[PDB]
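All Cβ positions, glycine included, derive from the backbone under ideal geometry; neighbour counts span all protein chains shown. What follows is calculated from the coordinates using simple rules that are stated; it is not laboratory data.
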């Protein structure tokens, strides 16, 4: 019937020059051709963390440290504290 | 009483040595855990931007 061609041309003309083909906008004044791929390119970027999580910053954290090559000094300190703890046993 | 108070440091010395070395090495090998943890965080961030 009339609708069988009218609505198909309606949904094949305006959507054609609305997106996918990505050129011009006939039905309504605001264009989404430069809105969804350009202005909304930073949309999720604004929603998410930018320059930290989107770029996955290669934060090279300081490597795990140690006793800094502590000499026998800490050894006899441990000896002394163990001795004074065990003296009252 | 002195005898059965003293008679404990015979078979426990080896246990003390092994526990000391094992605990110290496990504490000081946490570099592997840190590397795995940061890799996990970065993989999670990549997956996060993916579903975003």
- Within the range A:21-37, how many residues are without any contact (Cβ under 8 Å) to a residue 12 or more places away in the chain and over 23 Å from residue A:54 (Cβ atoms)? 8
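This table checks each residue for (1) surrounded by fewer than 11 Cβ atoms within 10 Å (Cβ to Cβ); (2) over 25 Å from the mean Cα position of the chain (by Cα).
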residue: B:2; (1), (2): yes, yes
residue: B:8; (1), (2): yes, yes
residue: B:27; (1), (2): yes, no
residue: B:32; (1), (2): yes, no
residue: B:41; (1), (2): no, no
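This table checks each residue for (1) over 30 Å from residue B:52 (Cβ atoms); (2) more than 9 Å from chain B (Cβ to nearest Cβ).
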position	(1), (2)
A:43	no, yes
A:47	no, no
A:56	no, no
A:63	yes, no
A:78	yes, yes
- Pick out the one residue from A:52, A:40, A:45, A:68 that is out of contact with any strand residue (DSSP E or B) (no Cβ under 7 Å at 6 or more places or on another chain), part of a loop (DSSP other than H, G, I, E, B), closer than 30 Å to residue B:48 by Cα and free of Cβ contacts under 8 Å to residues at least 40 places away in the same chain. A:52
- Return yes or no: is residue A:8 away from chain B (no Cβ under 14 Å), assigned to a helix (DSSP H, G or I) and surrounded by 11 or more Cβ atoms within 10 Å (Cβ to Cβ)? no
